[PDB]
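A.B. asks: This structure is in C-alpha cells; I'll ask about it shortly.
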Amino acid sequence: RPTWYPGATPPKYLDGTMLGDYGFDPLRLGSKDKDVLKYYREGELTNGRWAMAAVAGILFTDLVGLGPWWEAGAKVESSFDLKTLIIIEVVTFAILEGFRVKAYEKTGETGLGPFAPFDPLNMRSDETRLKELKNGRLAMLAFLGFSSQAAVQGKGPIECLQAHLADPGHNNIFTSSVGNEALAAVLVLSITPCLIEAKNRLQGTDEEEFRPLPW
Amino acid sequence: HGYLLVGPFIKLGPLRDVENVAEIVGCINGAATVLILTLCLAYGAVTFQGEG
Amino acid sequence: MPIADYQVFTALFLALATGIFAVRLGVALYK
Amino acid sequence: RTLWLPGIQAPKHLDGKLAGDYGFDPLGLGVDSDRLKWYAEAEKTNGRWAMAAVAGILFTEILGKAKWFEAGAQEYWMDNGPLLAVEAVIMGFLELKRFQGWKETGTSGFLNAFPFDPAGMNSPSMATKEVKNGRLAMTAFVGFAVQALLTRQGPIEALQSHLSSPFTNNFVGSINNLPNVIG
Amino acid sequence: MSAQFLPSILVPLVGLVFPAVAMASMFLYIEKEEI
Amino acid sequence: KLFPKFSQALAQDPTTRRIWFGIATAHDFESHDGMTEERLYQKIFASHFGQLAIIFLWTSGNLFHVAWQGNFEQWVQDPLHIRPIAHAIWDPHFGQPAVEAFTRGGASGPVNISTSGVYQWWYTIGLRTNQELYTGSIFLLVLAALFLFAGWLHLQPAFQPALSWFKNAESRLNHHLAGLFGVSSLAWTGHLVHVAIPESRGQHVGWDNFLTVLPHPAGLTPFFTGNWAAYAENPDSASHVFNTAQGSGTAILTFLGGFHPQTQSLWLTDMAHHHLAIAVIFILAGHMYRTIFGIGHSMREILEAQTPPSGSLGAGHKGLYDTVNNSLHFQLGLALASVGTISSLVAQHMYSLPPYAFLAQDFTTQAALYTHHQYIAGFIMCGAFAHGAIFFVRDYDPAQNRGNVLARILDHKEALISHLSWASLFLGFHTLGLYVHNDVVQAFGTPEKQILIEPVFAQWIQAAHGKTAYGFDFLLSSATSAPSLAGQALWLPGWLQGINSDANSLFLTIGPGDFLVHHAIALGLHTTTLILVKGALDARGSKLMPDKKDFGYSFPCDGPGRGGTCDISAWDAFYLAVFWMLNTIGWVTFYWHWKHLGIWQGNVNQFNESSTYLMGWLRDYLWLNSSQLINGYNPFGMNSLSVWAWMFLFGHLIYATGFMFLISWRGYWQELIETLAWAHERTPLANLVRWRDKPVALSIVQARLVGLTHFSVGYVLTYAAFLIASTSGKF
Amino acid sequence: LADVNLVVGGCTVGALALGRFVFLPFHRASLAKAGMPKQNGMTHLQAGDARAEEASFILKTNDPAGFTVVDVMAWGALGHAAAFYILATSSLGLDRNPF
Ligand code: CLA
Ligand code: CLA
Ligand code: CLA
Ligand code: CLA
Ligand code: CLA
Ligand SMILES: CC1=C(/C=C/C(C)=C/C=C/C(C)=C/C=C/C=C(C)/C=C/C=C(C)/C=C/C2=C(C)CCCC2(C)C)C(C)(C)CCC1
Ligand SMILES: CC1=C(/C=C/C(C)=C/C=CC(/C)=C/C=C/C=C(C)/C=C/C=C(C)/C=C/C2=C(C)CCCC2(C)C)C(C)(C)CCC1
Ligand SMILES: CC1=C(C/C=C(\C)CCC[C@H](C)CCC[C@H](C)CCCC(C)C)C(=O)c2ccccc2C1=O
C-alpha cells in the first residue's frame with residue numbers, strides 16, 4: 001500500500017480499511033476513538049467539497065478574464081443590501097446544515113436537504129468515493145496555494161503559472177519573499193522520512209506510551 | 001452563572017470608564033465560562049473513569 | 001542591518017524542529 | 001595475508017571477511033559487529049563520493065573551467081536557494097531508498113535494486129578494487145583541499161608547479177610562500 | 001523590531017494557552033488509575 | 001492514582017502527598033522501582049545530553065533576543081553612553097506611564113536594560129553586527145537539536161554504552177584533559193588570533209574572508225621555524241583605540257600584563273597567549289593515563305602507592321579508586337566542590353581583572369556578575385557537602401575502605417567537629433565583640449576608642465605583588481629584588497602600573513573595616529562548613545541515633561523519645577547549612593557592593609570610616625542606598641525603577657511566607673485541614689464535587705524544603721532588586 | 001638563532017636514544033608494576049568494555065628490545081617539545097635573568 005513516503009510504516013490503527021489510507025497521521029489525532037475518526041473524515045470530505053467548488057469558481061473567473069478572486073468581494077454590484085445577503089445566507093445555510101446533520105446522524109454520510117444519499121445518477125460506490133476524497137484533498141491544497149500565491153505574489157492562479165513558465169529557474173517560491181522560510185522547510189522535510197526510518201531501526205515499531213496531540 | 005458573571009467586569013474592569021465596556025465584559029464572561037467549562041470537563045474525566 | 005521578519009520566522013521554525021527532537025528525547029527518557 | 005605493519009597480528013575482530021582487510025585498526029573502532037558492518041558501508045559510500053568528486057575535479061580542471069574550490073561562487077541558471085532545495089529533495093529521496101534497501105539486505109544498491117549490479121562484473125577481486133580505489137580517492141581529496149588551502153591552485157597546476165622545481169615548490173615551501181599568496 | 005505582531009501572539013500563547021493546556025494535561029495524567 | 005511510575009509505593013498513597021513526593025523524587029533514579037546500575041548510568045547520560053541541549057537553547061535565545069530587540073550595533077559605536085538592551089517588554093497590564101518609562105536605549109517601545117554583560121563579552125570576542133548574533137543563535141539551535149538527537153540515540157539498545165564504559169576513568173580523563181580542555185582552548189586561541197584580535201584593530205574578519213586574511217604579517221613561518229618571539233614584535237600601543245586602527249599593532253601573542261588604557265580590560269593578545277599555553281599544558285596532561293596503547297598510568301596503582309610509611313595515614317589511599325569509581329555521589333560531590341570553588345574564583349577575578357572591553361565602566365554589570373557567581377558558588381558548595389553526606393549514608397563500605405583515609409577521618413570525626421565548633425565560636429565571639437565595642441564607642445561620641453586592627457598580613461601580601469602604599473619594600477615592591485629584575489621587561493611594567501593605580505579594582509586598599517569584614521566572612525565559612533561536615537560525618541550514626549544509616553539520608557525524625565530527635569538526619573544538616581551559606585554570601589556581597597559603591601563615587605572615606613561599626617552598615621549602606629529603589633512608584637508617579645521596587649517587596653513577601661513553613665510545623669495544619677474537609681463534606685451544592693486525593697498537610701521534610709525554598713527565593717530576589725536598583729539609579 | 005632542523009633532529013634523536021637505551025629498563029619495570037587499569041579488581045576489558053582491549057599492533061614488535069611504535073611517538077613527542085622549547089627561548093632577546 002502506497003504511503004506518504006517510500007517504505008513508510010503506517011500506524012497500527014491505520015490498517016487500511018478507510019479510503020485514502022496512506023498511513024499519514026504523525027500527531028495521532030484519530031487513533032483513540034473510532035467515532036471521532038469518522039467525524040474527522042466527514043469534516044475532511046466537507047472541506048474538500050468546498051475547496052473543489054471554490055477552486056473551480058476561482059479558476060473559471062480567472063479564465064474569463066475577471067478581476068482577482070480575493071478582490072472580487074468588493075467588485076460585486078447588484079440589489080440586496082449586504083445585511084440582507086448575510087441574513088439570507090445565514091438562514092439558508094442554517095437549514096441546509098441542519099439537513100446535513102440529520103443525514104450524517106442517519107446514514108453516516110453527507111446529503112443535500114431531505115435526501116439522505118442524494119444520488120440521482122446512482123454513481124455511488126467505494127471506487128467513486130476514493131475519487132472524491134483524493135480530489136478534495138488536491139483541491140484543498142490548490143486553494144491553499146491560491147491564497148499563498150495571492151499573498152506572496154500579486155498574481156492569480158493563471159498569472160502565477162504564466163510567470164513560472166516564463167522563467168522557471170527565477171520565478172519559484174524559493175526566489176520570492178518567503179523563499180528563505182521555504183528553504184528551511186524543505187531541508188527539514190527532506191530529512192524527516194529518513195530520520196523516522198532511524199526510529200524504526202534503532203528503536204523499532206512497538207508503539208508509544210503517549211500520542212503527540214492526545215485530545 | 002453566566003448572567004451573574006458579567007456585572008463584576010462591567011463595573012470594575014480595566015475599561016470600565018469607556019462606552020465599549022459592555023462588549024469587552026461580555027467577552028470576558030464568555031472566556032470565564034469557557035474556563036470553568038474546561039474545569040468541569042477535567043473534573044468529570046478524572047472523577048468518572050472507573051466503576052465500583 | 002536589523003534582522004528581517006523572514007529571519008525570525010526561520011528561527012521559529014528551526015526552534016519548532018528542535019522542540020520536536022526534545023520531546024522525542026523526553027519520551028525516550030520516560031520509557 | 002599482508003598487514004599494514006610487519007611483525008604484528010590482526011586485531012582479532014578483523015580476519016579478512018571484508019574487502020581490503022589489512023588489519024588496520026589501532027584505535028579498535030570496529031570492536032562492534034553491527035557497528036563494523038555500518039562502518040564498512042560508510043567507508044564504501046565515502047569512497048564512492050570521493051572517487052566521483054576527484055574525477056569531477058580533475059575533469060573540470062583539465063577542460064579549463066574554474067577552480068574546484070571556487071565553483072560555488074560562479075553564476076548558474078538558477079540561484080543557490082532553489083538549487084539547494086531541489087538537490088535536498090532529490091538526495092533525500094535517493095538516500096531514503098538506499099537506506100531502506102540496506103535494512104532489508106545489508107549491501108549497497110541504487111533506488112530499488114539492492115545490490116545494484118547491472119552487467120554483472122561483481123566478484124571478490126572487484127570488491128577490494130573498489131575499497132582500495134575509494135580509499136585512495138578520499139586521501140587524494142583531503143590532499144586537494146589542504147593543498148588548495150595553502151596554495152590557491154588546482155591539483156594539476158600544483159603538480160606541474162612541483163615538477164618544475166620539487167626541492168623548493170613543495171609543502172614545506174608553501175608555508176613560507178603563505179604571506180605572498182594570502183592577502 | 002521586525003514583526004512587531006509576534007510578541008502580541010507568543011506572550012499570550014506561552015502565558016495563557018500553554019499553561020492552561022499543560023495544567024489540564026498534567027491533572028488528567030496524574031489521576032489516570034492506569035497509565 | 002498511579003502517576004509515580006518510578007515508585008509503586010508512592011502510587012498507592014491516597015492523599016495529595018503522592019503528587020508532591022511524585023515530583024520531588026523524580027530525579028533520584030537510584031531509588032526507583034526496578035533500577036539497575038547500567039540503566040542508572042544510561043539515564044544519567046541521556047539526562048546530561050538534555051541538560052546540554054537546554055544550555056545551548058538558553059544561549060541561543062539570549063543571542064536571538066539581543067539581535068532582534070537589542071541595540072548591540074548602536075552600543076558598539078558608543079559603548080560608554082548607551083545602555084544595553086536585554087529584550088523587549090509586551091505586558092498587557094502596563095499603563096501609559098509604564099510604557100513610556102521603560103523606553104530607554106533608543107528602542108521603539110518598552111525594553112529591559114541588560115545586566116549580564118553579554119554585550120561586552122560579544123563585543124570583545126569580535127561580534128559587531130546583528131547578523132552575526134543571529135547566525136550564532138541559529139548555530140546554537142542546530143547544536144542543541146544535535147545533542148537532543150544524540151541523547152535519544154544513546155538510549156537505544158544498539159547505541160547503549162555498557163556499565164564498564166562508564167567506569168573507564170583513565171580514558172575519560174585523557175580525553176577530557178587533552179580534548180575537552182586542551183583542544184577547546186587551542187580552538188579558542190585560533191578564534192582570538194583570527195577574529196577577536198583583528199576585529200579589535202578595526203579589521204573585519206569573518207567566514208567570508210578569513211581564508212584571505214593573514215593573522216600575522218609573517219604567516220606560520222616563525223611558528224614552524226621556532227622564531228616564536230616574532231609573534232610579539234609590536235603590540236598594541238598605549239594609545240590604541242578599540243575597534244579602530246589608531247595605535248594598533250601586528251603582534252598576536254604578547255604578555256604585557258595589566259589593562260588596556262581605553263577599555264580598562266586585559267589585552268586580547270595576552271588572553272590568546274594564555275589560552276595557547278593552557279591548551280599545550282592541558283594536552284600534555286591529557287597524555288598521562290593508560291588506555292590501550294601499552295603506555296600511561298594506572299590510577300589504582302598510584303593510589304595504592306600513596307601510603308606513607310610509619311602508618312601515619314594508615315593504609316593510605318588503598319581502595320580509593322574503587323570508592324570513587326563505584327560511587328556516583330562521591331564523583332558528584334567532588335565535581336560540585338571544584339565547580340563551586342571555580343565559580344568563586346571567577347567572581348573574584350572578573351572584577352579585579354576585567355577581561356571584557358568597557359566592562360569595568362559598567363558598575364551595574366560588574367556588581368550583578370559578582371553577586372550572581374558568588375551565590376551560585378555558595379549553592380554549589382552546599383550541594384557538594386550534601387552529596388558527600390549522601391555518599392556516606394548510601395555508598396560507603398567500611399570493609400572496602402578499612403584503614404584508608406576515609407575510615408581514619410571517620411574514626412576521629414569528634415575532633416574535627418569539635419575544632420570546627422571552637423573556631424566558629426572564637427571568630428563569632430571576637431568579631432561580634434569588636435563590632436559591638438565600636439558601635440558603643442561610636443554612640444557615646446568617642447570614635448578614638450575604637451579597636452581598629454590593621455590588616456598587616458594582607459597588606460604585606462599586597463606589597464609582595466608591587467603595591468607601594470604600605471611602605472614594605474618587599475619582593476615586587478623593591479625594584480632591585482630578584483623577581484622584580486626577572487620580569488622587569490616581561491609583564492611587570494603593566495602589572496605594576498595597574499596595581500599601583502587606585503582607579504581600578506586590582507588589589508584595592510584595605511584597612512580595619514576590611515579586617516573585620518574578612519573575619520566575619522571567615523566566621524560564615526567556618527560555621528557553614530561545621531554544619532555540613534557535622535552532617536556528613538554523623539550521617540551514618542551518632543550516640544542519639546546509632547543506626548541512622550538504616551533510615552536513609554532524609555527522614556522526618558526519630559520521634560520525641562530519648563529527649564527528642566527533631567532535625568537529626570543529614571538532610572536536616574544541609575537544610576540548616578543553607579541558611580548559613582545565604583548569610584555568608586550576603587555578607588560577602590554586602591562588603592563588595594559597599595566598597596565598590598564608595599570607590600565608584602570617589603569617596604573611599606565613607607566605607608573606611610562607617611564600616612568599622614554596624615550602625616554605619618545599616619545607615620550608610622542599606623538605608624542610604626534604598627531611597628531611589630523604594631521610590632520607583634509613589635502617589636506621585638513611577639519611573640523605570642518601579643520594577644525593582646515591586647521585586648523588592650516581592651522578595652520580602654516570599655521570605656516572610658517561608659517563615660511560616662519554617663516556624664509552624666505539621667500538626668496544627670493537619671487538624672485545620674480535617675476541619676476543612678468536614679466543612680466541604682457537609683456543605684450543600686458543593687457536596688456534588690469530591691476530591692480525588694485526600695487533602696493532607698505537608699510532610700515534615702516537605703515543609704522544611706518549602707520553607708527553605710521560599711527563604712532562599714525571597715533572599716535572592718530582594719538582594720538582586722536592591723543591588724540593581726541602587727547601582728543603576730546612580731550610574 | 002638556532003637551526004630548527006639541527007635542533008629538532010638532535011633533540012628527537014636524543015630522546016629516542018634515551019628512551020631506547022637508557023630509560024627503557026625503568027620504564028618497563030614501572031609498566032609491569034602498574035599494569036593495565038582495573039575496575040573493581042579486574043581490567044576494563046574484563047568488566048565488559050570492548051573498547052578497552054589493548055591494541056594488537058603494540059603487543060609484539062620485531063624490535064629486539066620490545067620498543068614499540070607508541071614508544072617511538074611518545075619519546076619523539078618529548079624530543080619535539082624540548083626542541084621547540086629551546087628554539088622559542090633562544091628566539092626571545094629579552095633579559096629574564098633575576099640579576
Ligand atoms: C531558554 C531561552 C529563551 C528564553 C528564556 C526566552 C524568553 C522569552 N522569549 Mg524567546 N526564543 C528563544 C529562546 C528563549 N526565549 C529562541 C531560541 C528563539 C528562536 C526561535 C526565540 C524566539 C522568540 C520570539 C519570536 C519571541 C520570543 C519571546 C520571548 C519572551 C516571551 C515568551 C514568549 O511568549 O515567546 C515564545 C518563545 C518561543 C516560541 C520560542 C522559545 C523556545 C525556547 C527555546 C524553549 C526553551 C525551553 C527550555 C529550554 C526548557 C525549560 C523548561 C520549561 C519549559 C518549564 C520571553 C522573555 C517573545 C517576545 O519577544 O516577547 C516580547 C517573542 O515574540 N522568543
Ligand atoms: C576529545 C573527546 C571527548 C570530548 C570532547 C568530550 C566532551 C564531553 N563529554 Mg565525554 N567522554 C569521552 C570523550 C570526550 N568527551 C570518552 C572517551 C569517554 C569514555 C571514557 C567519555 C565519557 C563521557 C561521559 C559518561 C560523559 C561525558 C560528558 C561530556 C560533556 C561534558 C559536559 C559539558 O558539556 O561541559 C563542558 C565542559 C567544558 C567546556 C570544560 C570545562 C572548562 C571549565 C570548567 C570552564 C571554564 C572555562 C572558561 C573559563 C569558560 C569561559 C566561557 C564563558 C565566557 C562563557 C562534553 C561535551 C558528560 C555529558 O554531559 O554527557 C553528554 C557525561 O556524562 N563523556
Ligand atoms: C550537578 C548538580 C546536581 C545533581 C546532578 C544533583 C542530583 C541529585 N540530587 Mg542534588 N543538590 C545540588 C546539585 C545536584 N544534585 C545542589 C547545588 C544542592 C544544594 C541546593 C543540592 C542539594 C540536594 C539535596 C538536599 C538532595 C539532593 C538530592 C539529589 C538526588 C535526587 C534529586 C531529586 O530528587 O530531584 C528533585 C528536584 C526537585 C525537587 C526540584 C527542587 C525545586 C526547587 C528547589 C524549587 C525552585 C523554585 C524556583 C527557584 C522558584 C522561582 C521563583 C519565582 C517563582 C519568583 C539526585 C541524584 C536528594 C537526594 O539525594 O536524595 C537522597 C536530596 O535530598 N540534592
Ligand atoms: C543573628 C542570628 C544568629 C546568631 C547570633 C547565631 C549564632 C550562632 N550560631 Mg546560628 N543560625 C541562625 C542564626 C543565628 N545564629 C539561623 C537563622 C539558623 C538557621 C536555623 C542558624 C543555624 C545554626 C546552626 C546549624 C549552627 C549555628 C551555630 C551558631 C553559633 C556559632 C558559633 C559562633 O559564631 O560563635 C559566636 C557566638 C555568638 C555570636 C553568640 C553571641 C554571644 C552573646 C551575645 C554573649 C552573651 C553576652 C550577654 C551576657 C548576653 C546574656 C544576656 C541575658 C542573660 C539577658 C553561634 C552562637 C553553630 C554552632 O552551634 O556552633 C558550634 C551551628 O551548628 N547556627
Ligand atoms: C508574609 C508571610 C505570610 C503570609 C503571606 C501568610 C498567609 C496566611 N497565613 Mg500565616 N504565618 C506566617 C506568615 C505568613 N502567613 C508566619 C511567619 C507564621 C509563624 C507564626 C504564620 C502562622 C500562621 C498560622 C498558625 C496560620 C496562618 C494562617 C494564614 C492564612 C490566613 C488566610 C488568609 O490570610 O487569607 C488569604 C491569604 C492571603 C492574604 C495571603 C496572600 C495571598 C495574596 C493576597 C493572593 C495573591 C493571589 C495570587 C498572586 C494569584 C495566583 C497567581 C499564580 C501565579 C499562582 C494565609 C494564607 C492561618 C490559616 O491557616 O488560615 C485560616 C493560620 O491558622 N499563618
Ligand atoms: C626501524 C629501524 C631503525 C630505527 C629507525 C627510526 C629511529 C625511525 C624513527 C622515527 C622518528 C623520528 C620518530 C619520532 C616520532 C614522534 C614524533 C616526531 C612526534 C611528535 C610531535 C609533537 C607531539 C609535537 C607537538 C607540538 C606541537 C604540535 C606544536 C609546538 C609544541 C609541541 C612541540 C608540543 C634502526 C635503523 C635503528 C634499526 C633497524 C630499522
Ligand atoms: C564531605 C564529603 C565529600 C565532599 C568534600 C568536600 C566538599 C571537600 C572540599 C573542599 C574544598 C572547597 C577545598 C578547597 C581547596 C583549596 C586548596 C586545597 C588550595 C590551595 C593552595 C595552594 C597550594 C596555593 C598556592 C598558591 C599558588 C598556586 C600561587 C599563588 C600563591 C598561592 C599560595 C595562592 C566527599 C564526597 C569528597 C567525600 C566524602 C564526604
Ligand atoms: C501553611 C502550612 C501548611 C498548609 C499548606 C498547605 C496544605 C499547602 C497549600 C498549597 C496550596 C494547595 C496551593 C499551592 C501553592 C503553590 C503555588 C503550588 C505550586 C506547586 C507546583 C509547582 C507543583 C502545612 O501543611 C504545613 C505542614 C508542616 C509545616 C508547616 C506547614 C505550613 O506552614
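Residues are referred to by chain and number: the chain letter is A, B, ... according to the order shown in the C-alpha cells, the number counts from 1 in that chain, and ligands are numbered separately from 1 in the order shown.
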Per residue of chain E within 12 Å of ligand 5, note the shortest atom pair and the distance in Å to one decimal, counting only C-alpha atoms and all ligand atoms, and order the rows by chain and increasing residue number, as a Markdown table.
C.D. replies:
| residue | atom | partner | partner_atom_place_in_ligand_line | distance |
| --- | --- | --- | --- | --- |
| E:15 | CA | ligand 5 | 54 (C) | 10.3 |
| E:16 | CA | ligand 5 | 54 (C) | 11.3 |
| E:19 | CA | ligand 5 | 54 (C) | 10.5 |
| E:20 | CA | ligand 5 | 53 (C) | 11.9 |
A.B. asks: Write out as a PyMOL selection string which residues come within 12 Å of residue 14 (chain G) when counting only C-alpha atoms, dropping same-chain ones fewer than 2 positions away.
C.D. replies: chain G and resi 6-12+16-23+72+75-80+82-83
A.B. asks: For ligand 1, return the neighbouring residues as a list in words (distance at most 6 Å; only C-alpha atoms and all ligand atoms).
C.D. replies: residues 11, 12 and 15 of chain C; 6, 7, 10, 11 and 14 of chain E; 54, 57, 58, 60, 61, 88, 89 and 90 of chain F
A.B. asks: Smallest atom-to-atom distance to chain B: which of F:507, F:691, F:379, F:147, using only C-alpha atoms?
C.D. replies: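 With only C-alpha atoms as the atom set, the closest residue is F:691.
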A.B. asks: What does the distance from CA of residue 107 (chain F) to CA of residue 83 (chain F) come to in Å, to one decimal?
C.D. replies: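 We find that CA of residue 107 (chain F) and CA of residue 83 (chain F) lie 10.8 Å from each other.
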A.B. asks: What are the residues of chain A that have an atom within 6 Å of an atom of chain D, counting only C-alpha atoms, as a list in words?
C.D. replies: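 The complete set of qualifying residues is residues 169, 174, 190 and 194 of chain A.
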A.B. asks: Would you mind listing, as a list in words, all residues of chain A that have at least one atom within 8 Å of chain C, where only C-alpha atoms are what counts?
C.D. replies: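 Listing them in order of chain and number gives residues 177, 178, 180, 181, 184 and 185 of chain A.
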A.B. asks: For the residues in the current selection, export N, CA, C and O atoms as a short mmCIF file (atom, residue, chain, number, x, y, z; two decimals), in the first residue's frame.
C.D. replies:
data_model
loop_
_atom_site.label_atom_id
_atom_site.label_comp_id
_atom_site.auth_asym_id
_atom_site.auth_seq_id
_atom_site.Cartn_x
_atom_site.Cartn_y
_atom_site.Cartn_z
N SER A 177 9.53 36.33 -1.56
CA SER A 177 9.77 36.88 -0.23
C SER A 177 9.74 35.83 0.86
O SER A 177 10.21 36.10 1.97
N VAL A 178 9.21 34.64 0.58
CA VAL A 178 9.14 33.56 1.55
C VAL A 178 10.07 32.41 1.17
O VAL A 178 9.91 31.29 1.64
N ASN A 180 13.40 31.99 1.82
CA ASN A 180 14.23 31.57 2.94
C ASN A 180 13.49 30.60 3.84
O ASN A 180 13.96 29.49 4.10
N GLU A 181 12.29 30.99 4.28
CA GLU A 181 11.49 30.10 5.12
C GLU A 181 11.25 28.78 4.41
O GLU A 181 11.40 27.70 5.00
N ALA A 184 14.06 26.50 4.56
CA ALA A 184 14.22 25.84 5.85
C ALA A 184 13.24 24.68 5.99
O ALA A 184 13.53 23.71 6.71
N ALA A 185 12.09 24.75 5.33
CA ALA A 185 11.11 23.68 5.44
C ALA A 185 11.56 22.45 4.66
O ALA A 185 11.66 21.35 5.23
#
A.B. asks: In Å, with one decimal, what is the gap from atom 56 (C, counted along the ligand's line) of ligand 2 to CA of residue 395 (chain F)?
C.D. replies: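 So the two atoms, atom 56 (C, counted along the ligand's line) of ligand 2 and CA of residue 395 (chain F), lie 25.8 Å apart.
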A.B. asks: List as CSV every residue of chain F that is in contact with ligand 7, defined as an atom at most 9 Å from one of its atoms (using only C-alpha atoms and all ligand atoms), together with the nearest atom pair and the distance in Å rounded to one decimal, sorted by chain and then rising number.
C.D. replies:
residue,atom,partner,partner_atom_place_in_ligand_line,distance
F:324,CA,ligand 7,36 (C),8.6
F:329,CA,ligand 7,36 (C),6.6
F:330,CA,ligand 7,36 (C),4.1
F:331,CA,ligand 7,36 (C),6.8
F:332,CA,ligand 7,36 (C),7.3
F:333,CA,ligand 7,36 (C),4.5
F:334,CA,ligand 7,37 (C),5.1
F:335,CA,ligand 7,37 (C),8.8
F:336,CA,ligand 7,7 (C),7.4
F:337,CA,ligand 7,7 (C),4.7
F:338,CA,ligand 7,12 (C),6.6
F:340,CA,ligand 7,12 (C),7.5
F:341,CA,ligand 7,12 (C),5.9
F:381,CA,ligand 7,7 (C),6.5
F:382,CA,ligand 7,7 (C),8.1
F:383,CA,ligand 7,7 (C),8.4
F:384,CA,ligand 7,7 (C),5.0
F:385,CA,ligand 7,7 (C),4.8
F:386,CA,ligand 7,1 (C),7.6
F:387,CA,ligand 7,36 (C),6.4
F:388,CA,ligand 7,40 (C),3.5
F:389,CA,ligand 7,40 (C),5.5
F:390,CA,ligand 7,40 (C),7.9
F:391,CA,ligand 7,36 (C),6.3
F:392,CA,ligand 7,40 (C),6.1
F:396,CA,ligand 7,39 (C),8.5
F:406,CA,ligand 7,39 (C),7.5
F:529,CA,ligand 7,7 (C),8.9
F:532,CA,ligand 7,1 (C),7.6
F:533,CA,ligand 7,1 (C),6.0
F:535,CA,ligand 7,1 (C),8.8
F:536,CA,ligand 7,1 (C),5.7
F:537,CA,ligand 7,1 (C),7.4
A.B. asks: Please check the contacts: residues of chain A at most 12 Å away from chain E, using only C-alpha atoms, listed as a VMD selection string.
C.D. replies: chain A and resid 209 to 210 213 to 215
A.B. asks: For those residues, write C-alpha atoms to a file as a PDB file, in the first residue's frame.
C.D. replies:
ATOM      1  CA  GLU A 209       3.008   5.259  25.587  1.00  0.00           C
ATOM      2  CA  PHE A 210       1.693   8.692  24.575  1.00  0.00           C
ATOM      3  CA  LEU A 213      -1.800  15.565  20.218  1.00  0.00           C
ATOM      4  CA  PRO A 214      -3.964  13.452  22.575  1.00  0.00           C
ATOM      5  CA  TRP A 215      -7.224  15.434  22.557  1.00  0.00           C
TER       6      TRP A 215
END
A.B. asks: Kindly provide, as number ranges by chain, all nucleotide and amino acid residues lying within 8 Å of ligand 2, counting only C-alpha atoms and all ligand atoms.
C.D. replies: F: 41, 44-52, 121, 147, 151, 165-176, 178-181, 183-184, 339, 342, 346
